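Quick notes on the structure that follows.
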Amino acid sequence: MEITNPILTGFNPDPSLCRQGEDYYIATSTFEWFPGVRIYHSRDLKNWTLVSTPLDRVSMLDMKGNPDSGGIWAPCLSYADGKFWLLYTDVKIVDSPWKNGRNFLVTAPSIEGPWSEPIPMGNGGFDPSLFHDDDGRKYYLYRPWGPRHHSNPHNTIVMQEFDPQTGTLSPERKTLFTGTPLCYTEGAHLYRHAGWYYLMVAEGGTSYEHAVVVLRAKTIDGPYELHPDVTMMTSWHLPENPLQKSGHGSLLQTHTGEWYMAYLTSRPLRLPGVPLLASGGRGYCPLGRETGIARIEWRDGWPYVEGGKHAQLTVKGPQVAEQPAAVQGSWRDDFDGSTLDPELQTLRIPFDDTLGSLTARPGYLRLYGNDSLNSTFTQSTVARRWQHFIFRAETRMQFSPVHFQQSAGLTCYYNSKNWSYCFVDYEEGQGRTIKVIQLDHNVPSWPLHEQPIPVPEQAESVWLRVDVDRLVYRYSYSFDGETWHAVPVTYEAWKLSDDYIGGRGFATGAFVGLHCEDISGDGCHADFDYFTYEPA
Amino acid sequence: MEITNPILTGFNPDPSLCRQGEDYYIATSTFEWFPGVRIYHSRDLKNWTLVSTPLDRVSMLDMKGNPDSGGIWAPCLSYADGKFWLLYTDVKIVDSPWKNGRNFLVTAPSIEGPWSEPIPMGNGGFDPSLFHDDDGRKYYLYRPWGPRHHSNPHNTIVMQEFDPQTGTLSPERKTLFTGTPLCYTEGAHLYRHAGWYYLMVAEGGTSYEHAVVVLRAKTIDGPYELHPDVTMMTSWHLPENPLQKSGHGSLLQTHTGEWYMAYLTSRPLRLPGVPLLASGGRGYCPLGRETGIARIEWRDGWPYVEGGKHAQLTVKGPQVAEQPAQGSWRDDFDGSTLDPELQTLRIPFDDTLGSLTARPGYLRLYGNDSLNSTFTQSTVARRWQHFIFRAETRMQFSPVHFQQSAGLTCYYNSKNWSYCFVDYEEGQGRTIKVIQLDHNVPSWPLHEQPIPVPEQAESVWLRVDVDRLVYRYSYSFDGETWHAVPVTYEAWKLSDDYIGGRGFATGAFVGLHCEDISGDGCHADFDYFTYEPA
Amino acid sequence: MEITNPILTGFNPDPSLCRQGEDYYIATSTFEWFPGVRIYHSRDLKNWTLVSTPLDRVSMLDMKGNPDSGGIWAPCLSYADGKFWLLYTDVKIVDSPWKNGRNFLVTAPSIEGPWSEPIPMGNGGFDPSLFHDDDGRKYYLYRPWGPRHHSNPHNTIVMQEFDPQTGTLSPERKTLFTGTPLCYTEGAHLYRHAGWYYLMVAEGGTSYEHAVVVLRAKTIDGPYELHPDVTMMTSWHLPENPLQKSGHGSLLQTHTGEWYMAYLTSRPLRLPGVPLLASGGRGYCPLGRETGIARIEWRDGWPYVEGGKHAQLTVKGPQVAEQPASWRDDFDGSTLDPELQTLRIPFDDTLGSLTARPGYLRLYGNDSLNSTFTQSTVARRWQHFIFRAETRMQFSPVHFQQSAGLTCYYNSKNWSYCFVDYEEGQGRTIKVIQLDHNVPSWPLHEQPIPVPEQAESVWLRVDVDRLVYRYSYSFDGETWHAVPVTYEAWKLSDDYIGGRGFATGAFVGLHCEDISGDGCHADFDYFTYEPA
Ligand SMILES: [Ca+2]
Ligand SMILES: [Ca+2]
Ligand SMILES: [Ca+2]
């Protein structure tokens, strides 16, 4: 069996890999996108399909007003004592010398079954993890944040004992590790194999310096000794490697006795003429931080990645038959049923009658006019991940705005300060027109407002389409579905990436979605017949 | 007979002036501080006292997660048909090419309440205003915002007819004015006097270029023609005038027949050596945008400010009796209610932040988020109202690790403040440290060598002395002998003049705080909180 | 035998390694410091001694008004046909999307002159090289610059045939190499060993991504094939290696039949708490780009660096016996000590004098340290992370624009300067000025340090200790007082300053200025440099 990486394409960072018997699960972070956490299932480690979006109630995740790249960071999904355990962090500050957040524990006997009310696990840091030792005791790990605890200078891994019968954490903290010169020590996971406790952490930050560092000790509280190579996985030293930023590992032993590690990684696109190791020369990643997997071998009590430290595109799969669940390729929601397609997500808040409805006009997705795309509160935006470098997204829209503050259409979105948006609005002199708005480092670009493209009065529908092709992407429209016209504006797909945006936020990924807004608050709605995503 | 400006000192902008009979009221904006809107009362237009904080529950104002300088922008308070009408905006986006928000209307039969639930008045802009015409019909004004409507290039003043019986706004908008080259046309107000409608706007932005601009028309829908001098008030051309940024006017005719206009203004502190007209040369305003008032005279059907366009420190008071006469303040935390001089950030003061009932005579503050959070800070602060003062408190606190701290803060927004606190250190014990955020950049010079606190020191006194350009923290262990924290902080950095950005000037605060980044649970107790001006 | 790197310490980049029989020479760049080019000699490749500063006439090197990090870039010293050949570049634009300059050739029958007047060699690029082919023909290489030729996107290596009897160049250019994705292709040198032509270039830029790239071909015009490992030397992949930025190689076969390569390298100081691979985490280099040497082995017609690609502190020396050869200038002689240099212009009577007051170096009052024209500044290199520099000064200013003292200097926008001046209400005072990213810092102008009126001499001293340094003074020569300002030594490096200028290295020297132009002078009894 040959596994091609990434196993989870598009925005899918911080893979937490677990297993229940012969069923394997990975949980990835979702940041400000609702619902929180995405859980994928596989029986062969090669083909993964979404099976659970657990944090789908405000009582579990209340992310309105959360900053960009806040919300759900790295989760921990483990299985023990007949149920799954899910730890997650809701981060409330991002653009600051230090951050605040909240950690919670939810459990469920089955991966899709209803998850319990959250248990507060503290606020002192991020990357929470739960270790189930062989003696029945349980230990809660995390990396503390705060003043001087963002690698200025401190970045530590602490441990509290956890009582599962009372849901209590003991007030004592034991520092397990303080980090190597790479620093950014985070993502701690504990394992017990042979006579050793193994401590796996991420270091070097989640960009091109990302690495997986492993330590080991005889007792759980230390002292820990470094892996002889220090870093177990990294691709920093191979700048031409297809997979980059390989870190934040999650080690698992299969039911067949084999060893695999899930990790996050990114696939960069490079600009012509830029030296490879200059600033920005290593590339830009519109598909954000994705999830890969590597086969692990053991030598003299230490784990190694087969073939080398770097993330490889192809790895050797386990001793099982390939058992795919979902058909791959094209994607479309015709909005014929009761629920949005699970590949669609909202910004911060859940989808309900406030943002839209699937029953007001059956066969259409109706979106109500609320805030514009730059808002961290109430956007009627329904978006899905960029999962390929070349694809087309298309919709058919019916919309009748009455003034300039009502608009609706298609958007390619990264955060509230970096997106583009091709929409239909009303102009007081002409009528319905198509315009485009782009935010680039929070700087606006609206080149069609002075001379917009007229929408014919008799046009019952306005088809909208975006064609993404590596570094660029363009919008196109149609009033009959057969004859299309390009919006004469070329957009930079590489700008929809943390490599370009920068700041304190972490790389998520580019989305494409349907949006309708009414800054006036008067009230309006846009009906969308379908939404398509077709890879090349 | 002589009124000395500012009349409302400290963070007090957008003064909406109205009257009910012989009682006069001014409502000021409060931005992200809760409760929202502050209403002051007066019978001589000289001596003002706070009488109402109307938006004091989440169903009226829900600001958790609001950005800095979001929240309550310019309010409008009016009286008509036997009740008070209060329009206000809850702004949800600030640092963006354009903003979003929500407008609401609440009513009350009397200034102290009870106030209604909010009626949504649309989201299309800010500076809402309700005009009650003589024929019983009501009109709603605002500045539309959005893409290309933050003076890039558009800044319009539109009007909708309002049906008070059902709270309905008509969909049609009528543009009244599109602005002059000064731009930033906002703060629209309609008045009917003589045989003219008068439209009063603010232009030039709320900084040193602030101005009040008046138009008039025979009919309400226009077209409006400009004042002979366009600008009726501004101090931009006098860079050494004591009062600066004079704009955003609120015109009112008294029960005596006289005319008075409330406006916002700032008193800048200048750094030495900086040329006056170079960047930052006109000064820095740690007291924020305050409220002044001026007498208005009429000539040829146009209004004028007495003695010139600029804002003067002294003006002539109305023809009413002077009442007895910004002052010394202290809260001993005896009652079950916070002193109305104190406010919280965004969220109300309930048992999540603290309690005045859990320990009588003490303000108990529970440990939540740090001072850089827009969600749940246990922070209770009051306004800077003088350039020279001293704030003080007596605190009891015994943390157990480094993420528990509590103390005193001088605060402007989530990215600009200083914080002198007691925390714990594993090998030492209780220590005193300082943290400053300056342009979101941290300073913590006392972390590698902190000030120790004795083990059986039941109480730590904290004190900050502000002296114009600088301020310094100090501590005590006995209430008798005090020691200086050897850090001098810049008071001119707690100002919009220094911070910049797309947020607007609010004002510096001083307050009490306690946090637990760990979420384990802690609490600090404060016996009192004094504000003593020099 | 064990060689310890760097073999040349302090500001000593772009080592051009040549040999005349059993005598080995290395020429290094000097940028805006006059005289230009420093040529060191050795007979064992371990111990090196300065022997020649050849570009010491304005007719050879006219650098007045040159921008910071302009002037002399990478030179090429070679020996052929009974004389030395020295190619050099005088760069005239730095802070611009592309640069201009001038390339010159001078020759000499011996290493210490006489050096001929310069022959123009074209202005189209930098890093000039002269290859002496075994058939008698000569070839001139350089990397062209200009619009879109600063790795945006182009970085080429071109070759022109040089006609030695007439000193002219063929107008035709042959492109030898266009670069790997590392780009910044420069520093080309040609070699003929066995039956191959070898093209050696530098790639990755002269910071922490520096690398030596090697190609080979059967004919001199190519096409050239890349080394099996592409990069023959680099330390980029080892961020904790003591030697960093190891690139711009110069290969040479000794008279023993052994092969060595000089290369530039840097030794960084790291701030505490800064992540190793974050910005600035790899370190700051106050000693600038120094020179190391490595032993080369051959394997199937390809050269390799012994032990690995990275630069090592200790390498194996050649098959010759070791032949070895603190600092102070008492200003006793007709000349400054050759370790001292001036900025752009030669040291003549307008700047100073050693004969006006015998036994003292007298410096006259001209421009201040921020000037690219005429400052009376005389400085030497930092060569250690911990040292002390001292001087005894006699100076009597009359107004506030006359000052003189001790300076630690990187470029015209980054330096510190402790001096004696005159204040209108007090008399002689001691003050300090720091330029930090061209931002001024004068914490003592409001409360200066008074100088006793009958103190005939004011001693000045700077103590450098790795990351920080401090000034001290005295009025008797035995009891010293610190000046209560601590300066950052790591800021006197290209790692901190940034910009389009390239890493030179920190200097320390003596300075006197008169902004008024009235006329002043300061006498210096001595100048000491004493490492720890
Ligand atoms: Ca449909
Ligand atoms: Ca009390
Ligand atoms: Ca002497």
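Line by line, the protein sequences are chains W, X and L. Under our numbering, read the first sequence as residues 148 to 683, first letter to last. Under our numbering, read the second sequence as residues 113 to 646, first letter to last. Under our numbering, read the third sequence as residues 159 to 690, first letter to last. Quick reminder that beta carbons are idealized off the backbone N, C-alpha and C, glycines included.
Please indicate yes or no: does the CB of residue i lie closer than 8 Å to some heavy atom of ligand 3?
i, result
"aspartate 495 (chain L)", "no"
"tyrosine 684 (chain L)", "yes"
Cβ-heavy atom distance between residue i and ligand 2 below 8 Å?
i, result
"residue 647 (chain X)", "Limits of chain X in this structure are 113 at one end and 646 at the other, which puts residue 647 (chain X) out of reach."
"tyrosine 654 (chain L)", "no"
"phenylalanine 487 (chain X)", "no"
"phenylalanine 509 (chain X)", "no"
So, using beta-carbon positions, are residue i and residue j closer together than 9 Å?
i, j, result
"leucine 337 (chain W)", "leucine 288 (chain W)", "yes"
"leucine 418 (chain W)", "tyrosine 431 (chain W)", "yes"
"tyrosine 235 (chain W)", "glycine 183 (chain W)", "yes"
"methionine 268 (chain W)", "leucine 224 (chain W)", "no"
"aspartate 637 (chain X)", "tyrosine 474 (chain X)", "yes"
Here's the rule: buried if 16 or more other CB atoms are within 10 angstroms of the residue's CB, otherwise exposed. What is residue i?
i, result
"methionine 159 (chain L)", "exposed"
"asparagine 264 (chain X)", "exposed"
"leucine 208 (chain L)", "exposed"
"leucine 668 (chain L)", "buried"
"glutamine 540 (chain X)", "exposed"
"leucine 166 (chain L)", "buried"
"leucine 425 (chain X)", "exposed"
"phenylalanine 531 (chain L)", "exposed"
"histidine 551 (chain X)", "exposed"
"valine 626 (chain L)", "exposed"
Once you ignore the five residues that flank residue i on each side, which residues in its own chain have a CB closer than 6 Å to its CB?
i, result
"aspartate 368 (chain W)", "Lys321"
"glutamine 477 (chain L)", "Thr414"
"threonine 618 (chain X)", "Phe123, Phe143 and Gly400"
"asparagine 528 (chain L)", "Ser570"
"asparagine 353 (chain X)", "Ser347 and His422"
"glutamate 416 (chain L)", "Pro476"
Just to confirm my understanding: we take residue i, look at its own chain, exclude 5 residues before and 5 after, and list those with CB closer than 7 Å. What are they?
i, result
"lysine 195 (chain X)", "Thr219, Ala220 and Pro221"
"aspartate 253 (chain L)", "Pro225, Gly657 and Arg658"
"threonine 438 (chain W)", "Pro153, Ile154, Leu155, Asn159, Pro162, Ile173, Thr175, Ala409 and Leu411"
Do residue i and ligand 1 come close, with the Cβ less than 8 Å from some heavy atom?
i, result
"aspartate 483 (chain W)", "yes"
Residues in its own chain within less than 8 Å of residue i by CB, not counting five upstream and five downstream?
i, result
"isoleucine 251 (chain L)", "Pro225, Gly228, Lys257, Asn258 and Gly259"
"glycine 447 (chain X)", "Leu468"
"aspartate 193 (chain X)", "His244 and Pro276"
Could you check how far apart the C-beta atoms of residue i and residue j are, in whole angstroms? I think they sit under 8 Å.
i, j, result
"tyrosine 286 (chain W)", "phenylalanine 251 (chain W)", "So it is not a contact: roughly 17 Å between Cβ atoms."
"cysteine 569 (chain W)", "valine 634 (chain W)", "6 Å"
"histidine 395 (chain W)", "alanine 221 (chain W)", "7 Å"
"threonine 165 (chain X)", "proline 452 (chain X)", "6 Å"
"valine 463 (chain L)", "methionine 358 (chain L)", "Contact flag wrong, Cβ pair sits at about 12 Å."
"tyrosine 152 (chain X)", "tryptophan 160 (chain X)", "4 Å"
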